[PDB]
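Student: Would you mind keeping the following structure in view while I ask a few things?
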Amino acid sequence: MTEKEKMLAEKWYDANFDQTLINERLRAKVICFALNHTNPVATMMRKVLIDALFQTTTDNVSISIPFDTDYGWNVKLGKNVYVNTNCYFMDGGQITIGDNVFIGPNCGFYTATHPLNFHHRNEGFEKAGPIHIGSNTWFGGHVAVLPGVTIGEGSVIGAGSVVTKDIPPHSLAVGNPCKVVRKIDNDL
Amino acid sequence: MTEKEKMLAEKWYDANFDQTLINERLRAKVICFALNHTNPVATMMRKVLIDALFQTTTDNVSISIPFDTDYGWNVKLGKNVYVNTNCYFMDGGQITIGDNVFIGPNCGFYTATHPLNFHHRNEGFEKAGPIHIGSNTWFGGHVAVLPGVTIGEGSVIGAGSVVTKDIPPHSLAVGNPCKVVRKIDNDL
Amino acid sequence: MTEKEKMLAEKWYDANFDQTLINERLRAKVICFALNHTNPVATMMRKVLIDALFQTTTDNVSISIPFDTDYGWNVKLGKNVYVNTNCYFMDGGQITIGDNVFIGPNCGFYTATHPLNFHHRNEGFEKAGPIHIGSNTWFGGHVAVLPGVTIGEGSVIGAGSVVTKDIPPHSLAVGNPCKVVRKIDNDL
Amino acid sequence: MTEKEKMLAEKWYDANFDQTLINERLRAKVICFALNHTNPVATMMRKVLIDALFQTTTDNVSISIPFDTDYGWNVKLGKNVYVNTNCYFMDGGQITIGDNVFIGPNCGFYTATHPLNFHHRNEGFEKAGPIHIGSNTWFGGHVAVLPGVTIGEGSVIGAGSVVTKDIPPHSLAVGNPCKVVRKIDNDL
Amino acid sequence: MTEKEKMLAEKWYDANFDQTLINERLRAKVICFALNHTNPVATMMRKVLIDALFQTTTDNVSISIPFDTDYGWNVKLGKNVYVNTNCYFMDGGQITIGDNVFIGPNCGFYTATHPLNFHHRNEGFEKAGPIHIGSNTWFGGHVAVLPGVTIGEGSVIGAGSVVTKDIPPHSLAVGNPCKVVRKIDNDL
Amino acid sequence: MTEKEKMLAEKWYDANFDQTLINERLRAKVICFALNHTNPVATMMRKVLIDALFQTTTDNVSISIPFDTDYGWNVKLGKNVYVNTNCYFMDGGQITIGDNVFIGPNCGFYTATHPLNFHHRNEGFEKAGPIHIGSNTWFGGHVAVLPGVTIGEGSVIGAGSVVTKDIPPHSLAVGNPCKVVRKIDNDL
Amino acid sequence: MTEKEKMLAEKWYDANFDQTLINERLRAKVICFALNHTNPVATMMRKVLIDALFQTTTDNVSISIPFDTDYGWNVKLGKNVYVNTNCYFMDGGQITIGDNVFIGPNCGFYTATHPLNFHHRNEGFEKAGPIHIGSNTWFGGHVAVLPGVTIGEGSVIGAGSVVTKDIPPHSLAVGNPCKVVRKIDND
Amino acid sequence: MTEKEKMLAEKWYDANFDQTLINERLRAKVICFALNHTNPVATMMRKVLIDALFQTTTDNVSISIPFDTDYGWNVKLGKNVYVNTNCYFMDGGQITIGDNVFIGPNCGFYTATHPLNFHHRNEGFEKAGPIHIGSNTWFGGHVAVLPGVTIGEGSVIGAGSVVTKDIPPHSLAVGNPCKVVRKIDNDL
Amino acid sequence: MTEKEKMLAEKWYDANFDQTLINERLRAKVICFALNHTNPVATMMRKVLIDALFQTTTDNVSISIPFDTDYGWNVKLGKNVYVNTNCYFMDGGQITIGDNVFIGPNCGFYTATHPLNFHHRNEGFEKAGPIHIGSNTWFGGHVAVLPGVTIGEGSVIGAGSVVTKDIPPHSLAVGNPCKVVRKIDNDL
Amino acid sequence: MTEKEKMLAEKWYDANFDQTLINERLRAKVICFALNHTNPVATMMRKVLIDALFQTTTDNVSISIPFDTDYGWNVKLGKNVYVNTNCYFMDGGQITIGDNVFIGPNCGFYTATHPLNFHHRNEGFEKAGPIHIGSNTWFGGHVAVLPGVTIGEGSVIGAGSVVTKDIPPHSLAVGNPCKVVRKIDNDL
């Protein structure tokens, strides 16, 4: 297995020093740089860039600049995804986002886990923990989502939350660590 | 009432899909883009842009780039306002800032509330909650101020605070959620 | 003593209005602007800018753009320092970073303390509190490190932490405020 | 009263040497420069600039470049205003323009009066004379409108006219000085 | 008949709102923009632009920038035409210029007539009145030539004239309105 | 005598076809182009350009862009000269401007006379008529000053005037042709 | 007669050394250069350039860059003309294109004939042979159409064809030289 | 089925007028434009663009500019593919290229078939015919490969060939139409 | 012998992998890139670039952009060489062009031979076959000339020809493969 | 007397700290910067810049870039002056150059004398010593001409000479200090 194959298989891999991964990250950084330096008025150019970044034809995916991503192609998007200013989709582990998702400003979706032992960490080792963002969700600003976390559909994450553990569907959750406050009435 | 008139009247309105509001936000983003790509050395140009953004002649309002705002004209500023790097004044609801205000880096002043029910939220509805920042205040870095909040004059907000509720005047407040620690002696 | 000499001596000084300090901060902002607008593909140019900023020849110091610093020359770096997107080293007070340090995205290392009394604060006064980051450490994203804090070698800071007080060596610490959870086994 | 307050109150004021007024004029010139150097093809950008200039969301206000204005914010516009090439709205005194107004090329709307005595004039003094342009009007090319003048609704100003005095509604006026020729039948 | 066909046939047509005409005017404004932003040193480039604008190979047609025209292709030129700074050939109605013509600065040749009744004018209606400029003529600066006017060959128009009616050949004409002063001796 | 020497001696000369004169005009057109494309914020650069254009160190000579001149070096300026938008100093004949002169927008100072006979005019012949603008004068916008004219010190020229003949000192003059209305009281 | 007048009258003319013709070709090269260096995203700018090039308001004429033409004003276009990458309309002789025409990539429509004798050719002489492209036609990629050739309406030209002679209407033609294979039923 | 789904399933589809397909072609055209305007010296940037175009990390795929492709993601490449100047991979139908392939200049790989009947063709209909290029092949310059064609591994295609039908493995084939001349000895 | 010496001696050489040859090809691609991005109006710059490419002072060598060559210095030219759009001189093997040569658009002069056996070809090996283009020749558009071919002086090559074998002097030759049609009367 | 008037009168003056002189030097530095950054191909632009610098229409004055001068207007030139690379005409004191003068590369013509006493020198004082270069002279490369020096007509200055004293006409002079070797026979 290559280091990219280990990353995708959710095994420990050399994220920091593998040339292939460093080069795939470069491609995403180059496209993000072009996007981040495109005037907000250049609508068609932004659409072309976001599509080249995610390697898909997006359906109403709005991104407020700046935007950051590690690979781009490891972000799976639904239709109607609203991403405010300064978001980072650290996608070594697949980041799945449903339909009708509101992501506030300064939010980070982190899939990278480093070893706690400095000997293994200094070697460049990481384990990718995929993130699942359900459809019909709302994230306040200044939210950090940690590796392996699943946010159930219809859920609301309060501003400043650090989502360390899975949040069930149709729930209002807030805090550092993020804890469920109450259920949400999502009936028609 | 237009959707802009409803926004200003603190009623539910279509923020995401009203053409007038999308276009007024475009103007603020275009000015913010010009500001964010102006060399720090270009003092006169930065002043011109800051003044075009807020639609006012500022009196010692220092903004460290990048800066973000939704409308610009809905940010009411006093004299001597020091804004560090990466701040966002989400101003659908008026953001009133007094005189002599120190705003640390990575701070967000959020006035947008979305419905908890995904059916109403997916339709683009929002309610604007104005923020009142008193004169003679200090905000640490990484602070998020939530809709409808009032921070009394002479108050100090600790770094990493999530201001969910009103802070009284001459108070030291810290945490997520932000709670008053003690009063401040603000005598000459 | 000049205001720069008082800053370095850890005495109260006019940070905001001293021309020399305003001008030394301008130099760092001009270099940061050049770096932040350099395509990720321009490897040699990025190395030259990073080195001009810190006034030293760096040994494997990776910086993901954007990056911010106040002086640049008051950041003392070890070898193998990995800095993710949107970090700010507010270095009025010296920021000492050891070898093999992983700094996540959206981290702020703040050394500036303003007076609590608005009369002294409005005059532009500040006191610089140096930060010591030990070797072999790991910082999650969205971390804020406060003035005067020391993070012991071999320590791990969880994502979203607000480091208000010193963290001992070989410790796992998380939260707002940042508290030690358990010790780390850092043996070979 | 500041010199800006005197200008707006229709009192004598230092237009030429007051720093605030020189700086507010700079902002309008900077926006006019950006507009005048924007390709005619850049429709969205021209709209953004026109809106930043007048500090309002215009409704079908077409401006053929070059355009000049002193303040921009002192030009009050109606919907459907068609401004041909090389027009100047010298707006120290408010310039009110109604709905459905056709302004030919090389037209000047001048609100500045200087003293006749050179001693007072050389000191920089001016008096602002607001201009009222009624709705449903038509201006030929090469027209100059002088301070304090009112052009009644439904009126037509012939090419090369120098409008020194008020023109009544529904009238055809031509010449240097501009004199009424006959009334206009403005029935459906 | 299309609105372009009505314009050319000297019938009332929608000049302001017909897409074809708006688009043909855009082409002329794009070429004029390129010409107006071409350094005077770039002789060959200026020649190419002038020729692309008029859709003809010009024979000693000198144009001092800025220059404006509505269509460009509706300006019929002779050889040796000297056009000074800031001229506008509003050519909805054909503008025929003979050989050896001296056009001073700030001259406007206007072929557009709007209805006097605001109801018809607000609908975008216009009637094109062709202008005939005879060979061997001289125009002073600040001259406005009105729709349907013919200036006979060998004639001289004084500076600041508003040419409302036809001028006979070999005549000296001045004023607002433009009136013949005396005949000119144009013998060898 | 060269054609430049004849121009300066107020004799008939080939203005249009002499290579030396065509080339001296090019230099002025190149400097005016640079000035006309300099952002209003670039104060020192504008000052350098105006100084290079007039071949002198100006003392408070304000020029609002665009500005046009034929030679530049044939414009003799006093201190405190305020030139509004779109002025043209056609300086084949020396244009002498005193101290404390207010020149409104769209003003033309024309020193070129062409022969009335088309045979001599088509050959490129011209006679330069110097213009003398007295100190302490005020020009309204849309004014044209004809060759050989002298405007006495302390005089005021109304907007839209065509100055065909000399105007005595301390006089208010208006119209096409420009005629004295009354004397001005210019006492302290 | 000027050299431009001789060119248009289908007479021998100095194409290579006449200043007027060299200058009219420069105008087309300058507009083509602007078009070839315009980002595909800049839709309105591309439309303005194509219209300035052909000296007409085009009706759904799509051009994939790069594009080349000698004069541009001697290309007469119909509505719905789809021109793929790297096409050259060498238009000294008028190039008439009908409505609904699909032109594949790397196609050349050449109207210039040089003399066979090198003495006359070295002097710069040429004769323009107009090309008529009928409405409702399809050209494969890598096709060269030679001077004086008429391609009848409803016809299909196979990829790699060298069209030396007239192709009748509603015909499928392929090869070097281009020969009719069969008729097309377009009813 | 969408028009993209029909294209991929090898069914008749609207290639010319489907918005999704027009937009996916735009993305490839934008990346090709960036590649075609990148200096040959910019090796890393060219590699990033080629990888963004094909949506894969290429292994020694050399491309000489200009290069054209319709989708980019429908070109499946092996390692060591050498593409000379002016090649076009019209990839509506998948273009599969093996390892060690030499493609000469001015080659076209066309997968688009239009209907012979003009009624269906004018409607925008097309059928995608995938092309299979075997490993270890060599294409001379000026080669056109037609829809549905398979070129067997170890084969050589002569310059100027029009490949209308399948070519067997280890064969030398030349002409318009392309016909096998002789077999190739491809032993070690 | 080096690989360059082997190339010039008409021996098998590592064309694709020799560092020196790769670097000399880079020089030719950099000059071709600069020339292909030079506006047609820039006559002297084009001349300088053409002369730098061929390493010679050309005498009436007109090249229509785009142009391509491998080395440039291996193309020997005569006087009066007219090269139309999109021509490629692949000159690892010397290309000799006499005087008075007309080369139509989309012509390729190919001197590269690859081995037929894929084992040797995959190793990067090539053999250069010089091409000799006699004086007084004419090439139609879409012509490919193959390695080692001589086209006799006074010859005419029909459009679309694939020149596989030598063409005698004073001959009309057309087709794929190119064959002589008749001799040419080349008398005065 | 102003400091510029003292400079021109050959009296001691504040060269380093007088604002007028610092600003007149800026104008020359700006024109030299534009000249030094103009491509050698831009012949007409170089001629315009050289003429703007010297404030005269030059007659065959060739200048190889870079070129430096302090004022430009204090360099009096004859016809046919050939200036090689890296020359500096330090012209506080008038530099008079005759006709037919060959100036080698890296030559300095210095007219500035500073006081020997550091007290007066540190105050910014200088005395301008004009340089007279006779017609028909030749300067080798690396020559320095000192203040007040006169080089007689027909003279030759050897490479590396430091001209401290006057050189008589028709003489060959070499060395540091420059001494006459022999007279030159300058007869027809």
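Every chain in the structure tokens has a letter given in the order shown (A, B, ...), and although residue numbers restart at 1 in each chain, ligands are simply numbered from 1 in the order shown.
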Report as a PDB file with C-alpha atoms, in the first residue's frame all protein, DNA and RNA residues lying within 8 Å of residue 180 in chain J, evaluated on only C-alpha atoms, omitting residues in the same chain fewer than 5 positions from it.
Tutor:
```pdb
ATOM      1  CA  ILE J 167      42.835  69.496 -20.136  1.00  0.00           C
ATOM      2  CA  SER J 171      45.372  66.587 -26.341  1.00  0.00           C
ATOM      3  CA  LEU J 172      45.626  62.883 -25.401  1.00  0.00           C
ATOM      4  CA  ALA J 173      45.355  62.636 -21.578  1.00  0.00           C
ATOM      5  CA  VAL J 174      45.433  59.531 -19.309  1.00  0.00           C
TER       6      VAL J 174
END
```
Student: Set the distance at 9 Å and use only C-alpha atoms: which residues neighbour residue 144 in chain B once local chain neighbours fewer than 2 positions away are removed? I'd like the list as a list in words.
Tutor: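 The neighbour list is residues 141, 142, 159 and 160 of chain A; 106, 107, 108, 109, 110, 142, 146, 160, 161, 162, 163 and 164 of chain B.
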Student: Counting only C-alpha atoms, which residues of chain H sit at most 8 Å from some atom of chain A, and what is each one's closest atom pair with its distance in Å to one decimal, listed by chain and rising residue number, as JSON lines?
Tutor:
```
{"residue": "H:20", "atom": "CA", "partner": "A:57", "partner_atom": "CA", "distance": 7.7}
{"residue": "H:24", "atom": "CA", "partner": "A:57", "partner_atom": "CA", "distance": 7.1}
{"residue": "H:26", "atom": "CA", "partner": "A:48", "partner_atom": "CA", "distance": 7.5}
{"residue": "H:27", "atom": "CA", "partner": "A:48", "partner_atom": "CA", "distance": 5.3}
{"residue": "H:30", "atom": "CA", "partner": "A:48", "partner_atom": "CA", "distance": 7.8}
{"residue": "H:48", "atom": "CA", "partner": "A:27", "partner_atom": "CA", "distance": 5.4}
{"residue": "H:49", "atom": "CA", "partner": "A:27", "partner_atom": "CA", "distance": 7.9}
{"residue": "H:51", "atom": "CA", "partner": "A:27", "partner_atom": "CA", "distance": 7.7}
{"residue": "H:52", "atom": "CA", "partner": "A:52", "partner_atom": "CA", "distance": 6.8}
{"residue": "H:55", "atom": "CA", "partner": "A:55", "partner_atom": "CA", "distance": 6.8}
{"residue": "H:57", "atom": "CA", "partner": "A:24", "partner_atom": "CA", "distance": 7.3}
```
Student: With a cut-off of 12 Å, could you pull out the residues of chain G touching chain A and give me the nearest pair of atoms for each, distance in Å to one decimal, using only C-alpha atoms, ordered by chain and ascending number, as JSON lines?
Tutor:
```
{"residue": "G:39", "atom": "CA", "partner": "A:45", "partner_atom": "CA", "distance": 9.7}
{"residue": "G:40", "atom": "CA", "partner": "A:45", "partner_atom": "CA", "distance": 9.6}
{"residue": "G:41", "atom": "CA", "partner": "A:45", "partner_atom": "CA", "distance": 6.5}
{"residue": "G:42", "atom": "CA", "partner": "A:44", "partner_atom": "CA", "distance": 9.0}
{"residue": "G:43", "atom": "CA", "partner": "A:44", "partner_atom": "CA", "distance": 10.0}
```
Student: Could you take the residues named above and write them with C-alpha atoms, as an mmCIF file, in the first residue's frame?
Tutor:
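See selection-v3.cif below for the written result:
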```cif
data_model
loop_
_atom_site.group_PDB
_atom_site.id
_atom_site.type_symbol
_atom_site.label_atom_id
_atom_site.label_comp_id
_atom_site.auth_asym_id
_atom_site.auth_seq_id
_atom_site.Cartn_x
_atom_site.Cartn_y
_atom_site.Cartn_z
ATOM 1 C CA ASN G 39 -10.166 33.897 -20.936
ATOM 2 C CA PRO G 40 -13.048 31.502 -21.996
ATOM 3 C CA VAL G 41 -15.025 32.830 -18.989
ATOM 4 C CA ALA G 42 -15.129 36.382 -20.595
ATOM 5 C CA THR G 43 -18.290 35.735 -22.698
#
```
Student: Residues within 8 Å of residue 4 in chain J, please, as a count of residues only. Count only C-alpha atoms; anything in the same chain fewer than 2 positions from it doesn't count.
Tutor: 7
Student: Can you tell me how far CA of residue 61 in chain I sits from CA of residue 113 in chain G, in Å to one decimal?
Tutor: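 Value for the CA of residue 61 in chain I-CA of residue 113 in chain G distance: 20.4 Å.
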Student: For residue 127 in chain E, which residue among E:187, E:59, E:166, E:91 is the nearest when counting only C-alpha atoms?
Tutor: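 Looking only at the distances to residue 127 in chain E, the closest residue turns out to be E:91.
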Student: Between CA of residue 99 in chain D and CA of residue 1 in chain B, what distance in Å does the model show, to one decimal?
Tutor: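 A separation of 21.0 Å between them.
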Student: What does the distance between CA of residue 84 in chain A and CA of residue 96 in chain B come to in Å, to one decimal place?
Tutor: 22.3 Å
Student: Do you know which residues are at most 7 Å from residue 68 in chain C counting only C-alpha atoms, after dropping those on the same chain fewer than 2 positions away, and could you put them as a list in words?
Tutor: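 The contact residues come out as residues 32, 66, 87, 88 and 89 of chain C.
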Student: Could you pull out the strand (DSSP E) residues of chain D, going by DSSP on the backbone, and write them as a ChimeraX atom specification?
Tutor: /D:13-14,61-63,67-69,75-76,81-83,87-90,95-97,101-103,108-110,112-113,125-128,131-133,138-139,144-145,150-151,156-157,162-163,171-174,179-183
Student: Selected residues, C-alpha atoms, written as a compact mmCIF listing (two decimals), in the first residue's frame, please.
Tutor:
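In the end it all went to again30.txt:
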```txt
# COMPACT_ATOMS: atom_id res chain seq x y z
CA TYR D 13 -17.05 77.67 4.39
CA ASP D 14 -13.41 76.78 3.58
CA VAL D 61 -28.96 54.81 -13.21
CA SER D 62 -26.82 54.54 -16.40
CA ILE D 63 -23.55 56.48 -16.40
CA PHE D 67 -18.03 60.71 -14.80
CA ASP D 68 -17.06 63.22 -12.12
CA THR D 69 -18.46 64.21 -8.72
CA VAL D 75 -26.22 63.46 -5.21
CA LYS D 76 -29.78 62.23 -4.49
CA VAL D 81 -31.41 58.40 -14.74
CA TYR D 82 -29.48 58.35 -18.03
CA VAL D 83 -26.16 60.20 -17.86
CA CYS D 87 -20.78 64.78 -16.87
CA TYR D 88 -19.85 66.48 -13.61
CA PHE D 89 -22.12 66.72 -10.56
CA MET D 90 -20.25 69.36 -8.42
CA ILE D 95 -27.99 67.78 -6.29
CA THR D 96 -31.52 66.27 -6.26
CA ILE D 97 -32.44 64.35 -9.44
CA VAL D 101 -34.08 62.05 -16.33
CA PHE D 102 -32.08 62.21 -19.59
CA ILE D 103 -28.75 64.06 -19.19
CA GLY D 108 -22.15 70.27 -15.64
CA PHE D 109 -24.30 70.73 -12.53
CA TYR D 110 -22.41 73.35 -10.49
CA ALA D 112 -20.23 76.19 -5.96
CA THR D 113 -20.24 79.96 -5.64
CA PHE D 125 -14.24 80.39 0.87
CA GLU D 126 -17.30 79.03 -0.98
CA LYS D 127 -21.09 78.92 -0.57
CA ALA D 128 -22.97 75.79 -1.73
CA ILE D 131 -29.65 72.13 -7.51
CA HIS D 132 -33.12 70.55 -7.95
CA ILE D 133 -33.69 68.56 -11.15
CA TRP D 138 -34.43 66.12 -20.68
CA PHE D 139 -31.05 67.93 -20.94
CA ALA D 144 -24.26 74.03 -17.64
CA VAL D 145 -26.65 74.33 -14.64
CA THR D 150 -34.46 74.47 -9.96
CA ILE D 151 -35.61 72.81 -13.22
CA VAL D 156 -36.67 70.21 -21.63
CA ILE D 157 -33.30 72.06 -21.69
CA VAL D 162 -26.43 78.00 -19.47
CA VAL D 163 -29.18 77.70 -16.83
CA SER D 171 -41.43 74.10 -20.25
CA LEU D 172 -39.06 74.07 -23.26
CA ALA D 173 -36.04 76.29 -22.41
CA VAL D 174 -32.93 77.13 -24.51
CA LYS D 179 -34.96 81.26 -21.40
CA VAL D 180 -38.37 79.49 -21.77
CA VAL D 181 -39.51 79.18 -25.44
CA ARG D 182 -42.95 77.53 -24.88
CA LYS D 183 -44.87 75.10 -22.64
```
Student: Mind the document's chain letters and residue numbers, and return as a PyMOL selection string the residues of range 3-184 of chain A that DSSP labels helix (DSSP H, G or I).
Tutor: chain A and resi 3-8+19-36+43-54+118-121
Student: Those residues you just picked out, can you put them in a file as a CSV table (one decimal), in the first residue's frame with N, CA and C atoms?
Tutor:
```csv
chain,number,residue,atom,x,y,z
A,3,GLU,N,1.3,5.5,0.8
A,3,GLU,CA,0.8,6.3,1.9
A,3,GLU,C,-0.6,6.9,1.7
A,4,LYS,N,-0.9,7.2,0.4
A,4,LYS,CA,-2.3,7.7,0.0
A,4,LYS,C,-3.3,6.6,0.2
A,5,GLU,N,-3.0,5.3,-0.2
A,5,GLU,CA,-3.9,4.2,0.0
A,5,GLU,C,-4.1,3.9,1.5
A,6,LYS,N,-3.1,4.1,2.4
A,6,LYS,CA,-3.2,3.9,3.8
A,6,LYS,C,-4.1,5.0,4.4
A,7,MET,N,-3.9,6.2,4.0
A,7,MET,CA,-4.7,7.4,4.4
A,7,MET,C,-6.2,7.1,4.1
A,8,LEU,N,-6.5,6.7,2.9
A,8,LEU,CA,-7.9,6.4,2.5
A,8,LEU,C,-8.5,5.1,3.2
A,19,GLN,N,6.0,12.4,-0.7
A,19,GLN,CA,6.0,13.3,-1.9
A,19,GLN,C,4.7,13.3,-2.7
A,20,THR,N,4.0,12.2,-2.9
A,20,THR,CA,2.7,12.1,-3.6
A,20,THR,C,1.6,13.0,-2.9
A,21,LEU,N,1.5,12.8,-1.5
A,21,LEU,CA,0.6,13.5,-0.7
A,21,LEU,C,0.9,15.0,-0.6
A,22,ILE,N,2.2,15.4,-0.5
A,22,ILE,CA,2.7,16.7,-0.4
A,22,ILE,C,2.3,17.4,-1.8
A,23,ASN,N,2.4,16.7,-2.9
A,23,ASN,CA,2.1,17.2,-4.2
A,23,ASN,C,0.6,17.3,-4.5
A,24,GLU,N,-0.2,16.4,-3.9
A,24,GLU,CA,-1.7,16.4,-4.1
A,24,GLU,C,-2.2,17.6,-3.3
A,25,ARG,N,-1.6,17.9,-2.1
A,25,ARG,CA,-2.0,19.0,-1.3
A,25,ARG,C,-1.6,20.3,-2.0
A,26,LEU,N,-0.5,20.4,-2.7
A,26,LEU,CA,0.0,21.5,-3.5
A,26,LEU,C,-1.1,22.0,-4.5
A,27,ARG,N,-1.6,21.0,-5.3
A,27,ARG,CA,-2.7,21.2,-6.3
A,27,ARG,C,-3.9,21.9,-5.6
A,28,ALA,N,-4.4,21.4,-4.5
A,28,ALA,CA,-5.5,22.0,-3.7
A,28,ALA,C,-5.1,23.4,-3.3
A,29,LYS,N,-3.9,23.6,-2.7
A,29,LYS,CA,-3.4,24.9,-2.3
A,29,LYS,C,-3.3,26.0,-3.4
A,30,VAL,N,-2.9,25.5,-4.6
A,30,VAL,CA,-2.8,26.4,-5.8
A,30,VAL,C,-4.2,26.8,-6.3
A,31,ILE,N,-5.2,25.9,-6.3
A,31,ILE,CA,-6.6,26.2,-6.7
A,31,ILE,C,-7.2,27.1,-5.6
A,32,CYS,N,-7.0,26.8,-4.3
A,32,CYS,CA,-7.5,27.7,-3.3
A,32,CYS,C,-6.9,29.1,-3.4
A,33,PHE,N,-5.6,29.2,-3.7
A,33,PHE,CA,-5.0,30.5,-3.9
A,33,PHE,C,-5.6,31.3,-5.0
A,34,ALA,N,-5.9,30.7,-6.2
A,34,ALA,CA,-6.6,31.3,-7.3
A,34,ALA,C,-8.0,31.8,-6.8
A,35,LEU,N,-8.7,30.9,-6.1
A,35,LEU,CA,-10.1,31.2,-5.6
A,35,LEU,C,-10.1,32.4,-4.7
A,36,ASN,N,-9.1,32.4,-3.7
A,36,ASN,CA,-8.9,33.4,-2.7
A,36,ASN,C,-8.6,34.8,-3.2
A,43,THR,N,-18.1,35.7,-10.7
A,43,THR,CA,-19.0,34.6,-10.4
A,43,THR,C,-18.8,33.3,-11.2
A,44,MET,N,-18.6,33.4,-12.5
A,44,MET,CA,-18.4,32.2,-13.3
A,44,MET,C,-17.0,31.6,-13.0
A,45,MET,N,-15.9,32.5,-12.8
A,45,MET,CA,-14.6,32.0,-12.5
A,45,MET,C,-14.6,31.3,-11.2
A,46,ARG,N,-15.2,31.9,-10.1
A,46,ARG,CA,-15.3,31.2,-8.8
A,46,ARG,C,-16.0,29.8,-8.9
A,47,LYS,N,-17.0,29.7,-9.7
A,47,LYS,CA,-17.7,28.5,-9.9
A,47,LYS,C,-16.8,27.4,-10.6
A,48,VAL,N,-16.1,27.9,-11.6
A,48,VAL,CA,-15.1,27.0,-12.3
A,48,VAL,C,-14.0,26.5,-11.3
A,49,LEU,N,-13.5,27.4,-10.4
A,49,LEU,CA,-12.5,27.1,-9.4
A,49,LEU,C,-13.0,26.1,-8.3
A,50,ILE,N,-14.2,26.4,-7.8
A,50,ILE,CA,-14.7,25.5,-6.8
A,50,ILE,C,-15.0,24.1,-7.4
A,51,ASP,N,-15.5,24.1,-8.6
A,51,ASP,CA,-15.7,22.8,-9.3
A,51,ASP,C,-14.4,22.1,-9.6
A,52,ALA,N,-13.3,22.8,-10.0
A,52,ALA,CA,-12.0,22.2,-10.2
A,52,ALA,C,-11.4,21.6,-8.9
A,53,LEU,N,-11.6,22.4,-7.8
A,53,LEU,CA,-11.2,22.0,-6.4
A,53,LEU,C,-11.8,20.7,-5.9
A,54,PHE,N,-13.2,20.6,-5.9
A,54,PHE,CA,-13.9,19.5,-5.5
A,54,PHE,C,-14.0,18.3,-6.5
A,118,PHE,N,5.5,11.7,21.0
A,118,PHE,CA,6.3,12.6,20.1
A,118,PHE,C,7.2,11.8,19.2
A,119,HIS,N,7.7,10.6,19.5
A,119,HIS,CA,8.6,9.8,18.7
A,119,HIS,C,7.9,9.5,17.3
A,120,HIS,N,6.7,8.9,17.4
A,120,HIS,CA,5.9,8.6,16.2
A,120,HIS,C,5.4,9.8,15.5
A,121,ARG,N,5.0,10.9,16.2
A,121,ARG,CA,4.5,12.1,15.6
A,121,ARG,C,5.6,12.9,14.8
```
Student: Considering only C-alpha atoms, return as a PyMOL selection string whatever protein or nucleic-acid residues lie within 9 Å of residue 185 in chain E, sequence-local ones (same chain, fewer than 4 positions apart) excluded.
Tutor: (chain E and resi 170-171) or (chain F and resi 116-117)
